[PDB]
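4 protein chains.
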Amino acid sequence: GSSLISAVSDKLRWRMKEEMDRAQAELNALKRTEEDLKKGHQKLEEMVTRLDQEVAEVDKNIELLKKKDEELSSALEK
Amino acid sequence: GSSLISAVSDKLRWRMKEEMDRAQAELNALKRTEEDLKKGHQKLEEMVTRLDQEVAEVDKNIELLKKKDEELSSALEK
Amino acid sequence: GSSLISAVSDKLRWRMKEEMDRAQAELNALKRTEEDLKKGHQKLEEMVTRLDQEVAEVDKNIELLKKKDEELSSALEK
Amino acid sequence: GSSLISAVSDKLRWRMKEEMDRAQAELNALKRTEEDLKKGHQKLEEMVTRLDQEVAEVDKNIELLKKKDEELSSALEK
Ligand SMILES: [Cl-]
Ligand SMILES: [Cl-]
Ligand SMILES: [Cl-]
Ligand SMILES: [Cl-]
Ligand SMILES: [Cl-]
Ligand SMILES: [Cl-]
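Chains as they are written, first to last, in PDB author numbering: chain A, 227 to 304; chain C, 227 to 304; chain B, 227 to 304; chain D, 227 to 304.
1) Is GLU245/D closer than 8 Å to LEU270/B when the C-beta atoms are compared?
2) Is the Cβ-Cβ distance between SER235/A and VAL284/C less than 8 Å?
3) Would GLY266/C be called buried (16 or more neighbouring beta carbons within 10 Å of its own) or exposed?
4) Near ligand 2, which residues have their beta-carbon less than 6 Å from any of its heavy atoms, given in chain order?
5) Using a Cβ-Cβ cut-off of less than 9 Å, give me the residues of the region 275-289 of chain B that come near chain D, in sequence order.
6) At a threshold of 7 Å, does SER232/C count as lining ligand 6 (C-beta to nearest heavy atom)?
7) Could you tell me whether the Cβ atoms of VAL274/B and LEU253/A are closer together than 8 Å?
8) Considering just the uninterrupted stretch of the alpha helix (DSSP H) at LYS304/C, what are its terminal residues?
9) Return yes when the Cβ of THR259/A is within less than 8 Å of the Cβ of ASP295/C, no when it is not.
10) Looking at chain D, is there any beta carbon in it that lies within less than 8 Å of the beta carbon of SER235/B?
11) Would you mind telling me which residues of chain A sit closer than 9 Å to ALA301/C, beta carbon to beta carbon, in chain order?
12) What would DSSP say about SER228/C, mapped onto helix, strand or coil?
13) Do you know how far the Cα of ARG239/D is from the Cα of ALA233/A?
14) To be precise: take each residue of the region 237-260 of chain B, compare its Cβ to all Cβ atoms of chain C, and keep it if any distance is under 8 Å. Which residues remain?
15) Looking at ligand 1, does it come within less than 7 Å of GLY227/D, judged from the CB to the closest heavy atom?
16) Is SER300/D close to ligand 6? I mean its beta-carbon at under 7 Å from any heavy atom of the ligand.
17) Does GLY227/A come within less than 8 Å of chain C when only Cβ atoms are used?
18) Taking only the alpha-carbon atoms, compute the straight-line gap between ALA249/B and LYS237/C and give it to the nearest angstrom.
19) Taking 7 Å as the limit between beta carbons, can you name the residues of its chain near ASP247/D, skipping five residues before and five after?
20) Between the alpha carbons of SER300/B and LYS292/B, how many angstroms are there, rounded?
21) Between the Cα of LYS257/B and the Cα atoms of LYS257/A, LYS264/A, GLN279/A and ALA255/A, which residue gives the shortest distance?
22) Can you grab the Cα-Cα spacing for the pair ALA251/B / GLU297/A, in whole Å?
23) May I have the straight-line CA-CA distance separating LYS286/D from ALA255/D, to the nearest angstrom?
Okay, structure coming up:
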């Protein structure tokens with residue numbers, strides 16, 4: 227006649243399902259957060275590569291202008 | 227002149243300042259993303275603890291009702 | 227004449243490349259951290275899906291055994 | 227009596243505890259991953275601040291050496 231074990235066991239099964247649903251929603255939101263992290267890191271990496279190349283380009287520009295000045299200096303009285 | 231080396235060098239310094247501002251804005255957005263990540267993990271950990279306790283509680287309920295039934299059975303004719 | 231502006235400007239250009247190199251190494255390490263994060267979330271999502279299905283399976287098992295008991299009860303004297 | 231409903235229900239309660247233990251281990255590993263992520267972002271933010279200050283410092287050196295040159299040019303024949 228007593229259904230206390232069954233009632234308590236049924237409630238827990240119901241709560242287990244509720245928790246699995248909430249965990250899925252949390253995990254779906256975490257997938258969008260992981261996409262934001264990737265995008266953010268990608269933009270930063272693009273910025274870093276670009277600037278590293280821009281520093282090298284300026285180094286070469288000045289090296290070319292110096293070489294040009296050495297060519298000019300050879301025409302001076304010495 | 228000639229101001230070519232100086233112009234190229236000034237341009238790079240300018241570009242670097244502009245890029246440091248954009249990197250800071252990307253890093254500010256990434257700190258909010260870190261916060262969403264921590265929060266998500268915390269919610270999942272809370273869910274885990276809660277369910278672990280809920281299972282243990284039902285196991286205890288079951289052991290208590292079983293013990294109670296053994297005491298009830300001691301009143302039966304044997 | 228005096229080369230103080232050029233020395234200071236050369237030093238900064240050198241530091242800019244040093245920093246771009248270190249930022250790249252930090253970003254490469256962050257790519258492996260984003261991979262560990264995806265993997266962790268995937269394992270959790272797999273666990274959540276599996277358990278959600280396991281709860282539904284038990285619910286159906288119980289439902290079938292309850293239906294079987296109704297059929298058994300129909301054979302009792304009434 | 228038949229104990230099939232109870233065996234199936236007991237098995238689910240058992241599996242849930244086992245899975246909660248594995249989820250906790252995954253979440254503990256994800257806490258270290260979140261720490262590596264924070265650390266990486268802080269190092270990048272420190273790099274950004276440092277370089278921004280280094281560029282500003284060179285800009286000020288340049289302006290000071292230019293002011294100094296204006297003062298010494300005032301001593302030239304005009
Ligand atoms: Cl009865
Ligand atoms: Cl259960
Ligand atoms: Cl420079
Ligand atoms: Cl007894
Ligand atoms: Cl009937
Ligand atoms: Cl003057």
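Note that CB positions come from ideal geometry on N, CA and C, so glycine has one too.
Concretely, from the data shown:
1) Here residue 270/B is taken as the residue at index 44 of the third sequence, counted from 1. Here residue 245/D is taken as the residue at index 19 of the fourth sequence, counted from 1. Not a contact, by the Cβ cut-off of 8 Å.
2) Counting from one through the first sequence, the residue named residue 235/A turns up at place 9. Counting from one through the second sequence, the residue named residue 284/C turns up at place 58. Their beta carbons are under 8 Å apart, which means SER235/A touches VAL284/C by this criterion.
3) Counted from its first residue, the second sequence places residue 266/C at position 40. Flag for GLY266/C reads buried.
4) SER235/A, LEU238/A, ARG239/A, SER235/D, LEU238/D and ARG239/D
5) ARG276, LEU277, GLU280, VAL281, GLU283, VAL284, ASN287 and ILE288
6) As a working note, residue 232/C is residue 6 in the second sequence. No, since every heavy atom of ligand 6 falls outside the 7 Å radius drawn around the Cβ of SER232/C.
7) To locate residue 274/B, count along the third sequence from 1; it is residue 48. To locate residue 253/A, count along the first sequence from 1; it is residue 27. Contact: yes.
8) Taking the first residue of the second sequence as 1, we reach residue 304/C at position 78. Looking at the DSSP string, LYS304/C is not in any alpha helix (DSSP H), and its letter there is neither H nor E.
9) Mapped onto the second sequence, residue 295/C falls at position 69. Mapped onto the first sequence, residue 259/A falls at position 33. No, Cβ-Cβ distance for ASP295/C and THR259/A is not below 8 Å.
10) Here residue 235/B refers to the residue found at position 9 when the third sequence is read from its first residue. By this cut-off, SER235/B is an interface position.
11) Position 75 of the second sequence, counting from 1, holds the residue named residue 301/C. Ordered by position in chain A, no residue passes the 9 Å Cβ test against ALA301/C, which lies about 15 Å from the chain.
12) Within the second sequence, numbered from 1, the residue matching residue 228/C stands at position 2. The answer is coil: DSSP assigns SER228/C none of H, G, I, E or B.
13) Within the first sequence, the letter at position 7 stands for residue 233/A. Within the fourth sequence, the letter at position 13 stands for residue 239/D. So the two alpha carbons sit approximately 15 Å from each other.
14) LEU238, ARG239 and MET242
15) Position 1 of the fourth sequence, counting from 1, holds the residue named residue 227/D. False, no ligand heavy atom lies under 7 Å from that Cβ.
16) Stepping through the fourth sequence from its first residue, residue 300/D is reached at position 74. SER300/D: yes, Cβ under 7 Å from ligand 6.
17) To locate residue 227/A, count along the first sequence from 1; it is residue 1. Not one chain C Cβ lies under 8 Å of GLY227/A.
18) For the purposes of this step, residue 249/B is taken as the residue at position 23 of the third sequence. For the purposes of this step, residue 237/C is taken as the residue at position 11 of the second sequence. Answer to the nearest angstrom: the Cα atoms are 22 Å apart.
19) By one-based count along the fourth sequence, residue 247/D stands at place 21. Within the same chain, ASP247/D has no close Cβ partners at all.
20) Residue numbering aside, residue 300/B sits at position 74 when the third sequence is read from its first letter. Residue numbering aside, residue 292/B sits at position 66 when the third sequence is read from its first letter. Their backbone Cα atoms lie some 13 Å apart in a straight line.
21) Mapped onto the third sequence, residue 257/B falls at position 31. Nearest option by C-alpha distance: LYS264/A.
22) Walking along the third sequence from the start, residue 251/B turns up at place 25. Walking along the first sequence from the start, residue 297/A turns up at place 71. Their backbone Cα atoms lie some 40 Å apart in a straight line.
23) Counted from its first residue, the fourth sequence places residue 286/D at position 60. Counted from its first residue, the fourth sequence places residue 255/D at position 29. Using only the alpha carbons, I get a separation of about 47 Å.
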